[PDB]
Amino acid sequence: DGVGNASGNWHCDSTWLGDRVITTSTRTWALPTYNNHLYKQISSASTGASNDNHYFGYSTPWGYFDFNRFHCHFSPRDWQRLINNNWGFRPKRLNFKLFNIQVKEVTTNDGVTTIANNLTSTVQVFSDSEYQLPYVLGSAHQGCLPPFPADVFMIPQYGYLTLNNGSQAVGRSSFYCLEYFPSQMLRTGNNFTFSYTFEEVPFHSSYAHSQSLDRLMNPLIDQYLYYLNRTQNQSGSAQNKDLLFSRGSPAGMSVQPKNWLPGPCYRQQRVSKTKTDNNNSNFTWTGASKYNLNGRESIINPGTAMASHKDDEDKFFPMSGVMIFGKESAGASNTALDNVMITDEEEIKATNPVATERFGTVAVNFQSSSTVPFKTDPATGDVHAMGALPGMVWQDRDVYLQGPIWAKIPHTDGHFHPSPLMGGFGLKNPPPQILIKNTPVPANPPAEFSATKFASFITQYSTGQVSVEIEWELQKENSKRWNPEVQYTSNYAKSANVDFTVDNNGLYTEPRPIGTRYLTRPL
Amino acid sequence: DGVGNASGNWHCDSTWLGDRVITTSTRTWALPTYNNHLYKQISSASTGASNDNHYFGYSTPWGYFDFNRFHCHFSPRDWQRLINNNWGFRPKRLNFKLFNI
Amino acid sequence: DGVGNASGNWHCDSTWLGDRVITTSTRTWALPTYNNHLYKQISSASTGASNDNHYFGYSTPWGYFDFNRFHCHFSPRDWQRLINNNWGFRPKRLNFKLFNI
Amino acid sequence: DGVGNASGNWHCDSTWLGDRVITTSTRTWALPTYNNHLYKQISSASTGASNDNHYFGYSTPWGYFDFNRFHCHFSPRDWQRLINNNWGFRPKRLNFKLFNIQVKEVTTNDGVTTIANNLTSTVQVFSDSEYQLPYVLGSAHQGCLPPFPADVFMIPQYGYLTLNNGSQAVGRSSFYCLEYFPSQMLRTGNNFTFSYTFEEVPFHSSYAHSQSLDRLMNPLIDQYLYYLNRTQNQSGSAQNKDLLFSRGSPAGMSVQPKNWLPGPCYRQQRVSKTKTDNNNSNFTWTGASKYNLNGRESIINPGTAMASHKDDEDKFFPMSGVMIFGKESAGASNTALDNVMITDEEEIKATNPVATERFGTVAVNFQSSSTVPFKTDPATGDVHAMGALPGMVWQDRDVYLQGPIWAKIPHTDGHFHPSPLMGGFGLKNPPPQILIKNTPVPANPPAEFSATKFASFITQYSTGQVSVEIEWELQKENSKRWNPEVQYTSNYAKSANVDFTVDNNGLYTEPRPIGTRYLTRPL
């Protein structure tokens, strides 16, 4: 629409209707030139990694837009308003806009850098609406819109992995040229818009359960069902066998017949947040729950949605069963427990097994008396990994303000309960990837013709504004609970700083991860 | 249409209909100044070639656009799809666009 | 329709439409008399098998028609054409005819 | 239409309209069971042939219907009527009918054979209208409808050849199941009909030329064009060079400038019908014109349409340049000149080179005088194979009453003048092959099930009637010639037999091959 006319406005807001909330977020992005406009083949051959870390793939000159975290859309106040008042929520629709494009030319001479406007340069943008590209969103990568609307963010580079045999490729390894797509070319007066509708996904549960699964009975009335209570005489003067049956009573609630089972489990190793109680070894790889796929092992991390610990055991967490967010000023490698924030799944103890303990015990032999004068005592074994049994009920992992929103469900023949293990909404057709790059501008060509492809380019980057608007459907509480509920609250106390704010240096920080499960409902 | 408005989009695709295939290819080109905007007469007199290699002609300051190879239009996957499934093929029509100068 | 009039024709073909393929297969069958027209009770008692191989059942004088293999319908060329070009497939409908008894 | 109702009538006739002739022919055929209903792979590996005779292919249990000879449709009287009166002819349309099917069961016990009717058996018939099968018609094979309408003929077996590397196959070697086609199943009351329209093919030339190509001038008037006549002095007292030019005159007609050239040639070896004048060696393979294809040689036979001999040289014929028909009582191998009938192409001497002589001479050097004191005499060389030059004109090979009618033009990128070298009409879509076989009837199956495919069949054959009706378009003579024309005639003389009749044993014989070129027209 011209050089001197803005192609969009700043739309950062949150509107709460009766059963919907619409969150709008605008951010300022910077997109550099990646790979010098080259597609590069990347692998682990030069890295010299272990067999488990081998890979083969490609690095493209494109960047992508990521808004797959909840704090890209919700302020902490909006998140608190959602989680303190709603029993569930899900996304309905989204709008994406890209506007106010500025391409900047950079020249460095004698150490000093000049930046100018390039009014005739373009950025190519396209949305992969048919999911023809590898989906790298949903792997919890950096590069999302920053939580604070004042922050300017760099656009992450696009790259993918394909089938590999060690550090080598195979015949079925794919290569994707992203220039083989129709792109919209944007000069400084152009904008880009894109709408998307979410499929009907189940509401995420912003509630805990007020009852436990093994405590669903009337505590005053007996049962009409009997169970075997004693196989020996109760008197004890003699030690004779018997078959004595008792009625299901509130005195013994552990032996009452029940209708349902706790969800599946895959036991993790128990690590104490107090380092002195941990074994003096590494055991982060040798003692960890991992799966085998094509000969190379992968840590589960976090796997099945299970309770982090029991009651009065907050000092323990599963070794790779929890989502760990880093605070600002946390290093990339071997940072400290003080620099990370470990989440807790304490609210799903009502239906899910504890992550660090067995599902239960199982009979492993036939008990018998002496006759065949070889008496066989009954024997049980611990069940550490339990798959889905009929009658099982469970809760999924919680979502966090700092955590992912959705994940693409793999296009496979079968999948069981396709809810992402990091938490969120599993979508068969997720929001498509928006891919953006600067169109290469060649430098001065030679006077004589050369068929060698161009390698000298004018160095430039681009900047602009991006808006994402998501409509979310809410599921209101309808509780008849009498006593007040647990709510997420700010701490009232004199503190050097306010939580979820900037410091005197201007650095936005999030003190803690906030989940969703504060309200309760009966099981 | 203006300095700050793009005059075209990137159209690089391949659509397979029942009996047609439409291949679109977009590329970025650089055109220099040739001959310092001069028409020059060229021959083999200074070259001193053999009688079989003698020539006379002209060099113009113009360049030309060439898309007379099959890989300018078909990806290797598209070529494989064509040759593994079709008994024959021929070209029907073409569109040429030059944009974002 | 009579002794000297054929009640069907040989339909063995494969037609490829845009998103469908219709496979037709005709075969010549011979049906004998089974069990001398008797229903017989069969088990493993005379066989003297292991506990894992014990069975009890019945043998009827009937035969049955089976076309539950893919090569009853696809030639190897048709199978190659399907698997080299399609991401998936499934069956929609079938017709069965028995003729020229 | 029933067991006791005939499904067709005998239609054997010839109707002459003004510019059309419609020929109908009915014959009685017998079709056996071929290969025991099996498809067999055939090659030359067991034969142990030479590299030139190697092949790989398949034998099917099907037979085919062939009516690709002119005497399947024309009686000798009709052929004479056509060739004595028409300047050209071509086929317009055809109808094919198969009727009065009878399947017969055969049992041989103790040496005696019983034949019964099988009223419930079928013959499968289909027409290959899309040319999806190898076309084995047009190779001049036996198995056509017999010339005499009273003769009962056996249906030939279908088989084809595919790509071979010696006696082996290759990856691109094809296999065709003919049961993979839709067939019509015919019981004894059913019939089969099929119509076909010929493409617009040029008329075959039933004429000779009254003029020769080198004699197209006015014999009374000179030319206005000059030619170099002498390069030496005419007087002869001295032997000096000169440049003397003469005018084109009727005195020298060989040196007159002309407008056209004789057709292309590919020289053949000259064999005398009188065996004493031939060289004492075999030389039927070592001294023969042959072509090289994929490393194996093939005799041309007959190749380019050229004159068999010159004037007053009827004793000579090209070694493999003539169509040779065998008389009845001619052996399959090494039969006698008395048992074969050699055709003659004497009528196309007006435009075509003689098959056994060179096309002409060509200059092969530069003539010069002594100076460089190395005088160079002019030198010419004989041109034995001449391809098409602009200005060339030629006639095609003649068709015969015993010869083929059409041939399928190979589906190739290029072809030059696609007229078959044996003579006839080259058709891109020729009349399709009609393929017929007896449906297998299994014998008594075992009491217990066996998945081994059936190998025991009830032995049977079939018989029936076949009708072919072809409409031909005629091209009438419009001649202004005064003297009477040469006509094909019967010889008037007392003879022991009549030509083109049966003998006292009932054997139909054709005494001679009859061509078409009797009428004449100016060149």
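Labels below follow one simple rule: chain letters A, B, ... track the order of the sequence lines, proteins then strands, and each chain is numbered from 1. Below, all heavy atoms of this structure are taken into account, side chains as well, without hydrogens, waters or symmetry copies.
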Is a donor from one side chain sitting under 3.5 angstrom from an acceptor on the other, for [X] and [Y]?
| X | Y | result |
| --- | --- | --- |
| D/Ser127 | D/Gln433 | no |
| D/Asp398 | D/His204 | yes |
| D/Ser14 | D/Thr23 | no |
| D/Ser495 | D/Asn497 | no |

Salt bridge (charged side-chain N to carboxylate O under 4.0 Å, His left out): pairs with one or both residues in residues 322-340 of chain D, sequence neighbours excluded: none

Do [X] and [Y] form a cation-pi contact, if we require the NZ or CZ to be under 6.0 Å from the six-membered ring centre and within 45 degrees of the ring's axis?
| X | Y | answer |
| --- | --- | --- |
| D/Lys290 | D/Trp285 | yes |
| D/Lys97 | D/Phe192 | no |
| D/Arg521 | D/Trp87 | yes |
| D/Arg81 | D/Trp16 | yes |

Ring centres under 6.0 angstrom apart (D/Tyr58, D/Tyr160): yes

CG/D/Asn292: more than 12 non-hydrogen atoms of other groups inside 6.0 Å: yes

Heavy atoms of other groups near D/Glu200 CD, more than 12 under 6.0 Å: no

Chi angles and distances behind the side chain to side chain donor-acceptor pair (under 3.5 Å) call for D/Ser320, D/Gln268: CA-CA 7 Å; D/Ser320 36; D/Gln268 300 266 354; 3.0 Å; yes

Cationic N near anionic O, under 4.0 Å, [X] to [Y]:
| X | Y | value |
| --- | --- | --- |
| D/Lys273 | D/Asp314 | no |
| D/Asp382 | D/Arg267 | no |
| D/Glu357 | D/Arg270 | no |

For D/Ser206, side chain to side chain donor-acceptor pair (under 3.5 Å) partners two or more places apart: none

Whether D/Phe89 and D/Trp79 hold their rings parallel, tilted or perpendicular, with breakpoints at 30° and 60°: perpendicular

Geometric class of the D/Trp406/D/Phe67 ring pair [parallel <30°, tilted 30-60°, perpendicular >60°]: perpendicular

For D/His309, ring pair (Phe, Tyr, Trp, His ring centres under 6.0 Å) partners two or more places apart: none

Test applied, side chain to side chain contact (heavy atoms under 4.5 Å, CB included); reference residue, D/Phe96; option that passes from D/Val468, D/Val125, D/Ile470, D/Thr193: D/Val468

